[PDB]
Amino acid sequence: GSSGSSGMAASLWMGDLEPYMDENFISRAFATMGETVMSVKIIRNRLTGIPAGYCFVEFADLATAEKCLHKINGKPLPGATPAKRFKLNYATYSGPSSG
């Protein structure tokens, strides 16, 4: 089929983030685990400017995102103080049923 459009297709969901996790921090985590992150978007408010607690990460493609999502899906996240777990999920985690 035709190329079409693609937004959050080759990206992964990353929640349970700290109130001090910026594009830099997030990028550091992945990079530390030996993962070359493409981009990172921190969902923050307009008035409070506080990060909802999750950010989106882009990658080369879905294929890579998968193998790269299962390699950290459950592993300990570096830097996290004191310490947290790599919280990753499919960008299409809309609803408990879907899975």
# chains A, B, ... in the order shown; residues from 1 in each chain; ligands from 1

call {"tool": "select_by_dssp", "arguments": {"residues": "stretch 32-97 of chain A", "states": "strand (DSSP E)", "output": "mmCIF file with C-alpha atoms, in the first residue's frame"}}
result
data_model
loop_
_atom_site.group_PDB
_atom_site.id
_atom_site.type_symbol
_atom_site.label_atom_id
_atom_site.label_comp_id
_atom_site.auth_asym_id
_atom_site.auth_seq_id
_atom_site.Cartn_x
_atom_site.Cartn_y
_atom_site.Cartn_z
ATOM 1 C CA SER A 39 13.191 11.797 19.965
ATOM 2 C CA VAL A 40 11.412 12.388 23.274
ATOM 3 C CA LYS A 41 8.343 14.438 24.192
ATOM 4 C CA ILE A 42 7.510 15.235 27.816
ATOM 5 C CA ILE A 43 3.792 15.760 28.414
ATOM 6 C CA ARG A 44 3.579 18.758 30.744
ATOM 7 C CA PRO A 51 5.015 16.573 33.530
ATOM 8 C CA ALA A 52 1.894 14.404 33.681
ATOM 9 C CA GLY A 53 4.377 11.648 34.465
ATOM 10 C CA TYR A 54 4.956 10.121 31.039
ATOM 11 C CA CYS A 55 6.746 10.824 27.758
ATOM 12 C CA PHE A 56 6.783 9.488 24.197
ATOM 13 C CA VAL A 57 9.909 8.082 22.546
ATOM 14 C CA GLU A 58 10.527 7.737 18.809
ATOM 15 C CA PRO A 76 15.802 -1.346 36.224
ATOM 16 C CA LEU A 77 15.980 2.232 34.947
ATOM 17 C CA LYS A 84 12.684 2.827 39.405
ATOM 18 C CA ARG A 85 11.703 0.227 36.806
ATOM 19 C CA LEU A 88 7.326 0.890 28.729
ATOM 20 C CA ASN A 89 4.171 -0.002 26.801
ATOM 21 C CA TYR A 90 2.764 -0.066 23.268
#

call {"tool": "residues_around", "arguments": {"residues": "stretch 28-33 of chain A", "least_positions_apart": "2", "cutoff": "9 Å", "atoms": "only C-alpha atoms", "output": "PyMOL selection string"}}
result
chain A and resi 23-26+35-37+72+77-80

call {"tool": "select_by_dssp", "arguments": {"residues": "chain A", "states": "helix (DSSP H, G or I)", "output": "PyMOL selection string"}}
result
chain A and resi 23-32+62-70

call {"tool": "write_last_selection", "arguments": {"atoms": "C-alpha atoms", "output": "mmCIF file, in the first residue's frame"}}
result
data_model
loop_
_atom_site.group_PDB
_atom_site.id
_atom_site.type_symbol
_atom_site.label_atom_id
_atom_site.label_comp_id
_atom_site.auth_asym_id
_atom_site.auth_seq_id
_atom_site.Cartn_x
_atom_site.Cartn_y
_atom_site.Cartn_z
ATOM 1 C CA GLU A 23 14.143 15.205 27.124
ATOM 2 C CA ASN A 24 17.701 14.999 28.456
ATOM 3 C CA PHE A 25 16.996 12.642 31.357
ATOM 4 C CA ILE A 26 14.816 10.289 29.314
ATOM 5 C CA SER A 27 17.366 10.260 26.491
ATOM 6 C CA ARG A 28 20.071 9.446 29.038
ATOM 7 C CA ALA A 29 18.185 6.417 30.355
ATOM 8 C CA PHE A 30 17.831 4.790 26.935
ATOM 9 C CA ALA A 31 21.342 5.765 25.845
ATOM 10 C CA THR A 32 22.687 4.293 29.084
ATOM 11 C CA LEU A 62 8.265 -0.456 14.987
ATOM 12 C CA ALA A 63 10.440 -3.546 14.557
ATOM 13 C CA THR A 64 13.331 -1.913 16.413
ATOM 14 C CA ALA A 65 10.991 -0.360 18.978
ATOM 15 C CA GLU A 66 9.737 -3.846 19.843
ATOM 16 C CA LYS A 67 13.067 -5.592 20.428
ATOM 17 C CA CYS A 68 14.133 -2.362 22.134
ATOM 18 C CA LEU A 69 10.967 -2.300 24.241
ATOM 19 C CA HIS A 70 11.232 -5.920 25.381
#

call {"tool": "closest_residue", "arguments": {"among": "A:87, A:99, A:8, A:73", "to": "residue A:60", "atoms": "only C-alpha atoms"}}
result
A:8

call {"tool": "closest_residue", "arguments": {"among": "A:95, A:47, A:86, A:38", "to": "residue A:10", "atoms": "only C-alpha atoms"}}
result
A:38

call {"tool": "atom_distance", "arguments": {"atom1": "atom CA of residue A:6", "atom2": "atom CA of residue A:18"}}
result
28.3 Å
